[PDB]
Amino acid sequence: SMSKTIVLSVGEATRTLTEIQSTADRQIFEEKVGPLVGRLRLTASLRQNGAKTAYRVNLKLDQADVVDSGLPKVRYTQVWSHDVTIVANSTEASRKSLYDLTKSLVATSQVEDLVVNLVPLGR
């Protein structure tokens, strides 16, 4: 209850990423299940540019593939990172619109097909 988390729902299941590191710049959430190697991990950071005219949100989801013939071992890692440029004097509506448009984009079957089957966008 008291560790901070982000909870991801995939259909009927939910997957809780527990915060394992927090610094002024950066945050790391990891899923507390399974082998200690290759746990699902979310790295997130917020940063201003030198001019203080824009922000950069970085989010990075690392999904490792662990095989366990004896003791566990990460075979490979697949990653989906995000890089969001927010302008400091932007209207809130402009940021909500970017968010709304991306939530829709990622939710499309076309983007599912691209990532899962390498099928080009456009129908």
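Residues carry their position along the shown sequence, with the first being 1.
- Per-stretch averaging of Cα B factors for 13-21 and 104-112 places 13-21 on top.
- Relative to its counterpart among 82-90 and 46-54, 46-54 has the higher mean temperature factor, C-alpha atoms as listed in the PDB entry.
- Taking only the listed residues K96, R75, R39, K60, the entry reports the highest CA temperature factor at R75.
- Sorting the modelled residues of the chain by their CA temperature factor places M2 in the highest third.
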